[PDB]
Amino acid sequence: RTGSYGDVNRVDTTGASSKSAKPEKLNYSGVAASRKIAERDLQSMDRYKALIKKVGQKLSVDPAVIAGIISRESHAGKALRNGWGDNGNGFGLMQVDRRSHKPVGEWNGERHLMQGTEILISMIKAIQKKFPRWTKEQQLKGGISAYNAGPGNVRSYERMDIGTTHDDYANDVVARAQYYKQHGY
């Protein structure tokens, strides 16, 4: 499923920076690093695969992108403490910020995934409004970056991820997504 927000396969990526790769005990960075990390989360992700696809169907969002976010946010849950991460602010597989949203649902359930994905949509639409001369695919990458840092942070295409966690968030997520898209998402 491509979704209504652009084709993730058409988005360029430089993958995970050293800052993301090191914590995962990898001695290389880049797209292969993103792919490896995603692969490591594949079995756990696959626990949720039919829900992710329901959610992608309902919202016209690529389930691969949802997966890529989950991997990055929570390692498909493996990084959480009883549902929580981000210094106690983030909830669930997609790590919805409780400070600005009212988290709904079980940490690993459909309502949660719907919530996170609606929020993603809202970021993408923000970027579409902010940068109407970008392509849909450009806007998609920006949206994903904004999922981490807010649309305010996106002031460029090529350097959007400056100011995201590890200064690589959308690049990493896009690579993860492109991986999952090849693994049944």
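All residue numbers are counted from 1 along the displayed sequence.
A.B. asks: If you average the Cα B factors in the entry, which is higher, 64-72 or 23-31?
C.D. replies: According to the PDB entry, the answer is 23-31.
A.B. asks: Of the options 152, 116, 143, 56, which has the highest CA B factor as deposited?
C.D. replies: In this record, 152 carries the highest C-alpha B-factor of the candidates.
A.B. asks: From 36, 49, 125, 133, can you pick the one with the highest C-alpha B factor in the entry?
C.D. replies: The C-alpha B-factor peaks, among 36, 49, 125, 133, at 133.
A.B. asks: Relative to the other modelled residues in the chain, which third contains the C-alpha temperature factor of residue 172: lowest, middle or highest?
C.D. replies: For residue 172, the deposited C-alpha B-factor lands in the lowest third.
A.B. asks: Residue 165: which third of its chain by C-alpha temperature factor?
C.D. replies: Middle third, going by the recorded CA B-factors of the chain.
A.B. asks: In terms of the CA temperature factor given in the entry, to which third of its chain does residue 92 belong: lowest, middle or highest?
C.D. replies: Within its chain, residue 92 is a middle-third residue by C-alpha B-factor, going by the deposited values.
A.B. asks: How does the C-alpha B factor of residue 9 compare with the rest of the chain: lowest, middle or highest third?
C.D. replies: As the PDB entry reports it, the C-alpha B-factor of residue 9 lands in the middle third of its chain.
A.B. asks: Using the B-factors in the PDB entry, rank residue 105's C-alpha atom against the chain and give the third, lowest, middle or highest.
C.D. replies: Within its chain, residue 105 is a middle-third residue by C-alpha B-factor, going by the deposited values.
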